[PDB]
Amino acid sequence: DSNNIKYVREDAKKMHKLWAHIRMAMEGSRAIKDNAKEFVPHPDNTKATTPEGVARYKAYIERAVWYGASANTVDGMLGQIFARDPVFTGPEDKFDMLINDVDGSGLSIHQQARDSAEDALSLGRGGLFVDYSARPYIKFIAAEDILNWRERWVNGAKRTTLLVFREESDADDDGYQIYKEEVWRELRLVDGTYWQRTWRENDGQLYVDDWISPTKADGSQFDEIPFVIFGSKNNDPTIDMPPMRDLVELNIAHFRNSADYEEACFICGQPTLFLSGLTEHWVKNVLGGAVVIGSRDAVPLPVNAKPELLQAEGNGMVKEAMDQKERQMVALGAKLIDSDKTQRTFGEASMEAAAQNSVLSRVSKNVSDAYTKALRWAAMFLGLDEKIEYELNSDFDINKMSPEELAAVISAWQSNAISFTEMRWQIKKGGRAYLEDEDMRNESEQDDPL
Amino acid sequence: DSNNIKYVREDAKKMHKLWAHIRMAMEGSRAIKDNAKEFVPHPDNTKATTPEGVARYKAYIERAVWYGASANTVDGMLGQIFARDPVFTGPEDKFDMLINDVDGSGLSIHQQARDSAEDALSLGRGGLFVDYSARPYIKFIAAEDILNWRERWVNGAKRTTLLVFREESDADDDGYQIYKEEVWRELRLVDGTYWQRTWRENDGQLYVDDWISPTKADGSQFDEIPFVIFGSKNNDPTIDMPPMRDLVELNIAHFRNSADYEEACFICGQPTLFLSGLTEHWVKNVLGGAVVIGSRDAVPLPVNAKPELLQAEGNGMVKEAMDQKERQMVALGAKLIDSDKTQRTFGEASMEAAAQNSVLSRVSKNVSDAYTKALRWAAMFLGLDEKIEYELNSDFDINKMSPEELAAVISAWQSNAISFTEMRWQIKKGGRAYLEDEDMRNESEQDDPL
Amino acid sequence: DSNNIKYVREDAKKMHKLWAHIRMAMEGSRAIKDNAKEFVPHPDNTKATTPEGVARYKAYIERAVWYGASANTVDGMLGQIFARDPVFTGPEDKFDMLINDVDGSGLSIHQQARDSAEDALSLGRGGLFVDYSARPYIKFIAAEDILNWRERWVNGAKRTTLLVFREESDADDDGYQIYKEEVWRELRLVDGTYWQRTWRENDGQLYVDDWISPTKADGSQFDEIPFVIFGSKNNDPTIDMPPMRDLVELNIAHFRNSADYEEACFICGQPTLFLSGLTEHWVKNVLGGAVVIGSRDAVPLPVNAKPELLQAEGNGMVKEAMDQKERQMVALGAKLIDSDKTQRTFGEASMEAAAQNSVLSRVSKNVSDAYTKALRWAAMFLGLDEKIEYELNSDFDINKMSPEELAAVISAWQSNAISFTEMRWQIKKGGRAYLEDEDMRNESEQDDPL
């Protein structure tokens, strides 16, 4: 237990190891081979003590092959979730500053939502913070940055009273040398009132800021802390298990199996003559420490001499284990790899599509509610309309719409069952239109060319 | 038998072991390898006594591979049950505070329902509590928290008279150090009247609260305790067997088989020369404790010498047992893995879909009735309309609707057989509309663009 | 830490190695075999010390085969992303100078967008800079050129205050000898005002330029630096992991496996007679150091003599490892190779198309927003219309449209659902029209021939 602003909750420290392992898995092969001591055990500790043992271990690690399947799963999941663009409900001209630059850096809200979805898919944690500069800015807080939170029940309700997250920034000094200064934000909720302050560090000194109470345009300060923690499981301050832990462990096991297999292939993969029944006198007489192996020359041997080319044959049990691990990764609901040899009957996958896209749907809804809450807090800051929504693509397995589907949606719009904007969103989802609904209305208002 | 408020029923203590095992199964590989002593038996107790034996056992556990199939089953089951959003029947503006934040934390009722469904699918137990702060809050009580209950028949009826569940909270002290204080709620029913009190602990002292009787807006206090225990089997205080017990045991067995298989692959998987019929004189004369194995060099051997590369071949019976266990997990009605090689004829799975989604349907209905009862209790608290319903997605294997299906539902709506809101719910289930029914009505009220 | 304008950020130096490796992978086989020491380890360090060892290593590298699969993946990804031409939204006559020559070199904006997309697909980094000469020019800055940036938060917003990128140019001296002079651009943002200056080097001397503030046609100088860094992940100054790292490592591993396999094929691939049980007296008597191997002549041998043709058989485990690596590259979502033997059922790939084109879609959107921001900055420079857009082809797997699809889009245009220009863009995407919409309108305005 520590009273410093830098104090990190124990469960966050416990999950730091898994978070770091997942980050190395996402990074690629370089990070895996850098920390290969943690993943691949040394074949012999006695060798590890000696210098030649660690020299051999270095080549053992270098010859290994990293699949990089977890990164492929993350990329495929992001591509499935983020197709076309998330739909925003409500006024658009009154919220254009949030869509164009969500944090005043030129980055659209869609890119920040994509980053949040990637973080929630990979390690299953994130944060969104809304504050006032004038204009409101929607933050993006990495999972490792949120290092403290509290759940104190007020009048029999779940209320998050304390929440401290680390803010990182680059010092803009006169010189071009890159510095690194950190800011700590302390979000407090006393008797249903939001208070906040900032902590800064420089030369080992802690600078404190006076307590302030941000207030909406109408007033009444704030009843809740404008911070939402989104995860794979639910939007709760409690940590959720990352969805990629099992895939990461399977990838590590496959990596060590590949290290063993590559060592075996390097050593015993090359065929060797193995001239048995040979005498030194014969070697010096004819062979002379040199055997011609071309088809032009024939090599003689004495009586009862058996030459036998020896090399490790295929279908080794190490390769069998590697194939089993790859099959398990495919079977673990991961889009990490695709197989051309495998064939699937159409209509079979339609039954399982609900289960396969379970994590996709859960993350999509969680991020949707998180961003809806953030946008509502921003609207409160600006005193704008409250009934706004931000929903990501919840319809996965998206593809170009068929002519029959196009006729069906047109017929549905011609009846009072599908909204005109709903049909436009349908036709944009299928990659059949690009212009905005207002532009299409304006152009179709005039007479036909004929 | 104990008279303390902390007393736990004997059957709860008996089920605690299974609950903990299931929790470790959900957690992932780290928890499994942490408590590997409980799951994987030591290959030799005599070695376990010695230090080198436990040193070998550590590497034995580390080399193992955890499938993580039970977590995949839970995720797939949740994705199947929770598609789109649960439908709420009744006034919506008068219940908006419950939908937006069911417990005053910004968490929507849908997320809490998802968490309850996950708990009922994984270990098959949960609790919902409704209390008054002003506003009513619908609780979520974990299965391990409910530690005492009673079934005393009053006038020949099943009445739950006593129910004590542990309430956990974080102390909001001045410092940032995280504390941990617990609250005990004692729910009592005397002569058909609901009484409740809270118990708090600090510094080993028990603080007691005076008995209170919550009352509805109309009055008449309360006739029943506002607590419902939902499980996989039924909404009864009696404990129900978790649906994932058999899958957890199968996964543990596969994990120990994988430990054995990985040890065998590490040891005997690498091919070895095994130069038989070799004399020490020959070794020192030519070999000199160093054999060149590249294809460039040829190694000679004396007469009657047989070199034989030896390695464990594939299709081992341990691997056969692992494959059998994986097949059994697939066959146990688990969406834990999917196989691209396997092909299924369309229309065959339609016959079994009732049996495969049996646990899904049972959990869906149980949670639906639990949340309906909770919402009715909240309406009683607020004196609102009583004929309200909360039903989750009972139609599993959900996919995008076909153009023919769209035409069919439009034609059905054009007749007096499907409600307009029913057709809207149909078209939203198929991922063909996103706007609310009222918004569509308002936009279609005006004239066509033309 | 250095105060010079040439100072490079530490993370850029760290990523320089991966960037260089990816560049060698794109370059082809010559670059790979040039730096083969970094990729293919020497089979023996003791040999490497000796001159004959390095002589053997040279032939070892020369016999190797480079797949060149990463370059094929990049080319296929570019072809998928860049089909037809990117659509420009807004006035076209007022922006013709940017479309015809984006940087005043006759290179169309489409070619520069293609180059940016290639850079973002290969190593996942790039830059776009807009400056005033008069006319505005949209720059293209290679990833290695951006060597310094800063993220200083101003009023609680992400603002890029410093950004220094290297500008390379060829000296136009009187002679034809090629020189090489470099220019450094220092982009600074003080109190929300864009400042810039240029640094030049000649004969070891640094020439500095006075600080200037570019201003728009309307005025008000500039509020943000007209520089956008686009990457595979997002349009942020932070470096993003290249999407081709895993494929590059797999290709390197396959290259070293191919080196080993080719050496084995060269040495042990040729069959040899291996006349065992042969005496020197017999050799000199009949063989005489010359064996006739044609079918016309028969060669006699003494008693107990076994001739045995020996050669390395097929299905070697090295070849098995190479096949496994090729399969892994195919399965890693790479269009690097296609297999005629493999067959895929139609409709299966439609489900995975979202995941397979994930990196394609992400890069397409990132480059689209980057170029939209650049065009908006150019419009600010010229005081032109701001509501302009530049969107690349986000509909991948593009093919010629079917007659049924043509009828469907015509029917959709005949209704008020698809814009006339939208239908024209549809019919141009399907390769069914080439003339501009205005030309078609002008020709169809007149009466029919009949």
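Estimated from helical segments only, the mean residue ellipticity of the protein assembly as shown at 222 nm is -12500 deg cm²/dmol, where each DSSP H run of four or more residues counts as -39500 (n - 2.57).
Note on the protein assembly as shown: dipole from Cβ charges, positive end direction compared against A:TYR137, A:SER105, A:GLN311; the farthest Cα belongs to A:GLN311. Restricting the stretch A:153-189 to chymotrypsin sites (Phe, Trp or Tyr not before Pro) that sit in a DSSP loop and have at most 15 other Cβ atoms within 10 Å of their own Cβ leaves A:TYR179. The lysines within cross-link reach of B:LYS387, meaning a Cα-to-Cα straight distance under 22 Å and a gap of 8 or more places when in the same chain, are B:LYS94, B:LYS139, B:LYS216, B:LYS365, B:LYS373. With the charge dipole of chain B set up from +1 on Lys and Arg Cβ and -1 on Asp and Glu Cβ about the Cα centre, the Cα lying farthest toward the positive end among the listed residues B:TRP377, B:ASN155, B:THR238 is that of B:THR238. Summing Cβ point charges (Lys, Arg +1; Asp, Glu -1) relative to the Cα centre of chain A gives a dipole of roughly 1940 debye.
Take each residue in C:82-89, count the other chain C-beta atoms within 10 Å of its C-beta, and the mean is 1.
Residues of the stretch C:1-42 falling in the label zone of C:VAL183, defined by backbone nitrogen less than 18 Å from a point 7 Å along Cα to beta-carbon, are C:5-6. Set the Förster distance to 25 Å, then compute FRET efficiency between A:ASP191 and B:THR215 from the Cβ-Cβ distance, nearest 0.05. Given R0 = 25 Å and the Cβ-Cβ separation, E is 0.40.
In loop segments of the stretch B:246-281 as defined by DSSP, the chymotrypsin sites (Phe, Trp or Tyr not before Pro) with at most 14 further C-beta atoms inside 10 Å of their C-beta are B:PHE274.
Under 5 Å from the amide H of C:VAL87 lie the amide H atoms of C:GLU391, each residue being 5 or more positions distant or on a separate chain, with H modelled from the backbone and absent for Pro and chain starts. By the gyration tensor of its Cα atoms, with a ≥ b ≥ c the square roots of the eigenvalues, what is the shape of chain B: rounded for a/c under 1.5, prolate for a/b over b/c, or oblate? Since a/c reaches 1.5 but b/c is at least a/b, the shape of chain B is classed as oblate. Within the shell defined by Cβ-Cβ distances under 9 Å, the residues around C:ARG63 carry a net charge of -3, with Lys and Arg each +1 and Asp and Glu each -1. In this assembly of identical copies, the label point of C:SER220 (Cα plus 7 Å along Cα-to-Cβ) is separated from its counterparts by 3.4, 6.6 nm, sorted shortest first.
Computed from the C-beta positions of A:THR46 and B:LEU162 and an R0 of 56 Å, the FRET efficiency is 0.30 to the nearest 0.05.
For the residue pairs B:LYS284/C:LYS284; C:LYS58/C:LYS284; A:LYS233/C:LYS335; A:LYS335/C:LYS335; A:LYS33/B:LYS37, the C-alpha atoms sit more than 27 angstrom apart in B:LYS284/C:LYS284; C:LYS58/C:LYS284; A:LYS233/C:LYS335; A:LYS33/B:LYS37. For the stretch B:309-319, backbone phi angles converted through the Karplus equation (6.51, -1.76, 1.60; θ = phi - 60°) give residue-by-residue couplings of 5, 10, 7, 5, 7, x, 6, x, 5, 5, 5 Hz, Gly and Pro being listed as x.
For the segment A:332-339, counting C-beta atoms of other chains within 10 Å of every residue's C-beta and taking the mean gives 6. Placing pseudo-labels 7 Å out from each Cα toward the beta carbon at B:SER444 and C:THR279 gives an inter-label distance of 10.7 nm. Residues whose amide H lies under 5 Å from that of C:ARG185, counting only those 5 or more places away or on a different chain, are C:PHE165, C:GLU167, C:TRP199; hydrogens are built 1.01 Å from N in the peptide plane. Maximal additional length on extending the C:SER295-C:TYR176 stretch stands at 36.2 nm, based on 0.36 nm per residue less the C-alpha distance. Between copies, B:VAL292 shows label-point distances of 1.9, 3.7 nm, shortest first, with the point placed 7 angstrom from Cα along Cα to C-beta. Measuring how big the stretch B:139-232 is from its alpha-carbon positions, Rg and Dmax come out at 15.8, 54 Å. For the stretch A:135-168 versus the stretch B:135-175, the spacing of their alpha-carbon centroids is 28 Å. How far, in nm to one decimal, is C:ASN304 from itself in the other copies if the label point is set 7 angstrom along Cα toward Cβ? Shortest first, please. Copy-to-copy label distances at C:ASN304, shortest first: 0.7, 1.4 nm.
Residue-wise HN-Hα couplings along the stretch C:205-217, as the Karplus relation 6.51 cos²θ - 1.76 cosθ + 1.60 with θ = phi - 60° gives them from phi, are 9, 9, 9, 10, 10, 5, 5, 10, 10, x, 10, 6, 4 Hz; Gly and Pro carry x.
Cα centroid separation, the stretch C:392-450 to the stretch A:39-95: 45 Å.
Restriction of the chymotrypsin sites (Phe, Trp or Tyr not before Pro) in the stretch A:303-396 to DSSP coil positions whose beta-carbon has at most 15 other beta-carbons within 10 angstrom yields A:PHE346.
Measuring between their Cα centroids, the stretch A:204-226 and the stretch C:331-345 lie 57 Å from each other.
All of the numbers you see were taken from the coordinates with simple rules; none came from a lab. FYI the Cβ positions are ideal-geometry reconstructions off the backbone, even for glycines, and counts take in every protein chain you see.
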